[PDB]
Amino acid sequence: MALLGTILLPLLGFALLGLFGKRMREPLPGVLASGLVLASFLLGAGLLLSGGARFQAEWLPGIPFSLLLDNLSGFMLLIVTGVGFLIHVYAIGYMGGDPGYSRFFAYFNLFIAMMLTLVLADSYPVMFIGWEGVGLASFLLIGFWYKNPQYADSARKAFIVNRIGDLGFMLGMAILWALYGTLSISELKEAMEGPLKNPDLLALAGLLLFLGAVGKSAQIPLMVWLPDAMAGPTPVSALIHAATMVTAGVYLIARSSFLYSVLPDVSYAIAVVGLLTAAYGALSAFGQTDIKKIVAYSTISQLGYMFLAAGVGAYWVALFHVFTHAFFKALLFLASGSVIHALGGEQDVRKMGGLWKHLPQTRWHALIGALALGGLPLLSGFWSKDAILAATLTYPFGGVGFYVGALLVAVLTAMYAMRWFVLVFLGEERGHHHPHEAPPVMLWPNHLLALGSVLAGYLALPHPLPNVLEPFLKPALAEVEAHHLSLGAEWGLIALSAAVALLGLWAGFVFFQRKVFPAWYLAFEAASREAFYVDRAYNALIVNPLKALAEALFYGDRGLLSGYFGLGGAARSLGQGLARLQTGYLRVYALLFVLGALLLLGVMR
Amino acid sequence: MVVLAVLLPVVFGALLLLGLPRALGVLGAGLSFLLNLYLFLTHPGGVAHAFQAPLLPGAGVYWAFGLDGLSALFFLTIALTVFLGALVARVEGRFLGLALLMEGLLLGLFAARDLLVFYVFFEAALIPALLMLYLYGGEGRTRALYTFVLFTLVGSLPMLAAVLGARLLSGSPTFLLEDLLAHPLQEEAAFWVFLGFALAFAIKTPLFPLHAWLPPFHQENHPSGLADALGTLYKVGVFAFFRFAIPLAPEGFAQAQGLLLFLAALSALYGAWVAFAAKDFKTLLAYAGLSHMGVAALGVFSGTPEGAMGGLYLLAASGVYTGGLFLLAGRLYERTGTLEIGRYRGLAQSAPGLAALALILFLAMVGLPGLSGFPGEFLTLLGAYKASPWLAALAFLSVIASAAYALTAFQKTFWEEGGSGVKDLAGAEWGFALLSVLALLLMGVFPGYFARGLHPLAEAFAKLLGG
């Protein structure tokens, strides 16, 4: 019962701020929200410190309500609660003079409670509950400023892709219910051990689960919905791209490691899709001229990295990158939000530049973030990305080409992060910012975020140095592990990766300070600006034809009703043909009478 | 007992029809709600409130009633929905008595413990429909009335031959469901009886080829949508399938199972898909109701007690929130005057909690977990996948179109650029939305409490398809 309070607090908060909501002063909704988030972080740390937690309540027959708090669930819980408290403070500061304060923080509380419902789950239908609740809260917040129709269709597309993923999830769950009949991850794991049966159906269920994970974490082909989340405010984009709603894609695989580990082909496919996602995100990031999109494509690339990690069976490595990423990408987003708070929401790159001297405490945030993402040798991002690069070779399935691929992706992340930083802070001035660029209480939690970004770091270190994350992550789940390792050569690889990352940083430095953009790079930047022409094809043969079919089925329904009409008209016509039988000439009536009587007399035999 | 709650909406509807005033309907629906809730609590089992009275000793007709696990919660759902429609109506044409009469008729329909009384209520439910359609609204009122009435009657009247064959060929001494179930029908005789049952029950399910009566019915009712809400409650087809159609003639259902599951799948998909193309609220909600009925019939037909319990739960809940959406569209009409989706965009800024009410209702429609739709939707998915995976998968290319049409309508009705400005909420609409959200949350988050009576019937009638 006590564990349920973690979810219940940012539900009572949501109800207060939604139902009554505007009966409060401006800071009070954010105050209540951040206080509930803090006293949920507290109660989660206290429950984990007590050894763990379990909760089971009566529900649908065969499908009870099961919450499990272990190391793996508590990891995500602490991350979400802490970053949520920080972003809640950053929103209290960042949200100002715009109505819907109470509504906004009620959306925040609901989001937090639903994500908790997701992670705290011993039954897959509760995971699905969290899935759809997070999708609804995302649809709501992305369309927070409703008075603009443009920032509505973004959330429309988001929830539609979300429900495609949810349908795949539902079908996989129906599969793992028809086979076993448990659908509770605890007993599902205890039943999946030993003599597996119908491996084809199991691989199919896992493939549909991965399909749902793709839509949630915006992998290829469902990548396209994520950039449009720029419609929502910057803290919304931070919470969506860093700590929640995408990390669930990795968490599902972490919990279903027992299923994905006995599926070699499915796991290899996950690795391929993760590599392609990293490649797309990196290649299409820098071409974007807006900060929000150029960060969203980087989120695509980094989630591709995580899914590459979890593809080869390196589950704790994917969680490592999740940790580092959830720090430094939230840093990036809140920094960018503060920056546009200085320019009054300018939200452009080409209209920027020369913000180094003018912006105290913000250029530092931006540089910390850009270096962590680019893979500065001594920074959390380096540890995570190169741990993935190593797990590529060390964990099964070979990772032969995936190593060089992810290394090029590290190069490209360095390049476009330097593009962001350079084109935003150096080498010109345009626009206006007189009075109040840097606020106290927005950059104040941003300080803590930059601190964590720098020092996330050494939780997972090569085996001479202490690896804290792997022993914490392996026992709760993903127990079966088959991975070799090396030394001496592993450190040569770490050194090669660090040197390559540094070369990528300075290469972006020179290329994006140049501003010349030679012939081929202009074409490439234009192509990346247009997302490699993906939506153009997606609306060509898919979306608009589905609309045409909906309209066609409407016309066909009208035509079916017309056929029913024709049946009735045939009935009336037959009726008047039979009513024509009586003309009024008595000879006609007598003949037809005698005729019918003779027919009767013949029938009697 | 059962007969008291069955008749209370009838007598209240009479007292509203001939007598005055409108207010009598609000308090009558409230008394019905309380009585149906009291009957829903302490429910031991089927015989809970058993009633047996003779009407035609020689022919074999008896008033036979009782509260099964199904009859109890369907009584509760009907009482609640009609009470909501009674307070919020705004029709005030003094015909809410007709709404209460139809409520009581549907109650007797559900509580029928013998075949002929069920058939009697099935045929009687036609009169108020044509009445509140004809004289209380609609431009094509006459044509839609003839279409709907003739479809229902062309289905219903041959079902009388079906029931006469089902009783006579089985040697059952009475029309009692107990007795009739005690004496099974034979092969190539249960075949024809089930075929006559399946026509009348599919055309009222509704399934794909037989749905053409639904959109015209919903368009030309009173614009407030009280008649529309009660017609959505008039989709009792699935119920008659599970209790009466299949157990009385499974031999024909053996050949018809695949066909009916296919029809349910394509109907759900077609409805949720066309609903996107809908340019008005009535068309969208009619196609959505078609999709939900396809899902429910799929769950029942799949065998697989999971699917059956899901189908019935989804049926009750979909009736609830679809009636809610109908009344909501009618109230927004009364305050605005139009049901078009494109016009009147700024609603959200003017409507504080009407936006939230419409959102909660559309969420319950698309089957969002935590709200009433998802339990039935998922249980039906499980049962259908158990029966035939292909038709379950195709049928569930519906949640996609569900989100699509629901979000498009909600956005372009509320979210986009501010318009003139619209009334916020009426005092009765406050209790309406409050009770709506309360019931939706209670039926979605706590599907354990509700539908416990549905599990025994589900597993028993699903094993009945076996040896």
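Residues numbered from 1 in each chain as written, not as in the entry; some residues may be left out. Chains lettered and ligands numbered in written order. Part of a larger assembly, values for the part shown. Heavy atoms only, no water.

Okay, the overall build of chain B next. Per the secondary structure count, chain B includes 22 helices and 2 strands. Relative to the compact-globule value of 23 Å for 467 residues, chain B shows a C-alpha radius of gyration of 21 Å, a close match. Once the C-alpha set of chain B is aligned to its principal axes, its extents read approximately 70 × 55 × 45 Å. Considering chain B as a whole, with its 467 residues, one finds that 66% of them fall into the buried category. Taking all contacts inside chain B whose residues are at least 6 apart in sequence as the whole, residues at least 24 apart take part in 80%. Surface accessibility of chain B: about 15500 Å² in total, with carbon and sulfur atoms responsible for 69%. Taking the average location of the 21 positive side-chain charges in chain B and that of its 23 negative ones, the two points are 7 Å from each other. (Helix = DSSP H or I, 4+ residues; strand = E, 2+ residues; numbered from the N terminus. Rg over C-alpha atoms; globule rule 2.2 N^0.38 Å. Buried < 20%, exposed > 50% of the residue type's maximum accessible area, 1.4 Å probe, protein only. Contact = heavy atoms within 4.5 Å. Areas by Shrake-Rupley, 256 points an atom, 1.4 Å probe, with all protein chains shown as cover. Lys, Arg positive; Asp, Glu negative; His and termini not counted. Charge placed at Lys NZ, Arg CZ, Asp CG, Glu CD.)

Residue and element names in this part refer to chain A. Split by domain assignment, chain A resolves into domain 1 (1–529) and domain 2 (530–605). For domain 1 and domain 2, the distance between their C-alpha centres works out to 58 Å. Counting from both sides, the interface comprises 14 residues of domain 1 and, opposite them, 7 residues of domain 2. Carbon and sulfur atoms supply 57% of the area buried between domain 1 and domain 2, which totals about 810 Å² over both sides. Summed over the three residues of domain 1 that lose the most area to domain 2, namely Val224, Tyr280 and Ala527, the buried surface amounts to 48% of that side. Viewed at the interface, domain 2 and domain 1 are joined by 2 salt bridges. The salt bridge partner of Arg529 is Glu530, with a shortest N-O separation of 2.7 Å. At the junction of domain 1 with domain 2, the criterion picks out 11 residue pairs in polar contact. Mapped onto the side of domain 1 that touches domain 2, the elements with two or more residues apiece are α12 (264–285) and α21 (519–529). It is α21 that contributes the most residues to the side of domain 1 that touches domain 2, 5 residues altogether. (Domains from an automatic or database assignment. Buried area = accessible area lost by both parts, 1.4 Å probe. Salt bridge = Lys/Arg side-chain N within 4 Å of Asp/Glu carboxyl O. Polar contact = N/O pair within 3.5 Å; in protein donor to acceptor, adjacent residues only side chain to side chain.)

Between chain A and chain B, the residue contacts involve 45 residues of the former and 57 residues of the latter. Here chain A packs against chain B, burying approximately 4700 Å² in sum over the two surfaces, 74% of which is carbon and sulfur. Ranking the residues of chain A by area buried against chain B places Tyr146, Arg163 and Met170 of chain A at the top, with a combined share of 14%. Summed over the shared surface of chain A and chain B, the result is 17 residue pairs in polar contact. Top element by residues in the side of chain A that touches chain B is helix α6 (residues 150–178) of chain A. It accounts for 15 residues. Residues belonging to the side of chain A that touches chain B are distributed by class as follows: 34 nonpolar, 2 polar and 9 charged. (Nonpolar A, V, L, I, M, F, W, Y, C, P; charged D, E, K, R; others polar.)

Residue and element names in this part refer to chain B. Counted at 1.5 Å a residue, the expected span for helix α2 (residues 23–40) with its 18 residues is 26 Å, and the 26 Å between its end C-alpha atoms agrees. Among all positions in α2, only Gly25, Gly28, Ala29, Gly30, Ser32, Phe33, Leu35, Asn36, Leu39 and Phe40 are buried. Packing partners of the buried residues in α2 comprise α1 (2–17), α3 (69–88) and α4 (96–111). Where α2 terminates, the next one or two residues include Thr42, which has phi positive at roughly 65 degrees. (Expected span 1.5 Å × (residues − 1).)

Turning our eyes to something else, we now look at the pairing of strand β2 (residues 61–65) of chain B. Residue and element names in this part refer to chain B. Extensive coverage of β2 is indicated by the burial of 4 of its 5 residues. Strand direction decides the pairing type here: strand β1 (residues 51–56) and β2, joined by 5 bridges, are antiparallel. Its bridge partner being in β2, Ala53 is matched across the sheet by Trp63. Between β1 and β2, which pair antiparallel one after the other, the connecting turn spans 4 residues, and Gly60 there sits at a positive phi close to 100 degrees. (Pairing = 2+ DSSP bridges.)

Core analysis: the biggest nonpolar cluster contains 400 residues, and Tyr124 of chain A together with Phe118 and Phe197 of chain B have the highest contact counts within it. For this core, the domains that each give at least three residues are domain 1 (1–529) and domain 2 (530–605) of chain A. The residues contacting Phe197 of chain B, other than those within four sequence positions of it, are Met159, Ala162, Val163, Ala166, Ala245 and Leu248 of chain B. (Core = buried A, V, L, I, M, F, W, Y, C linked by side-chain atoms within 4.5 Å.)

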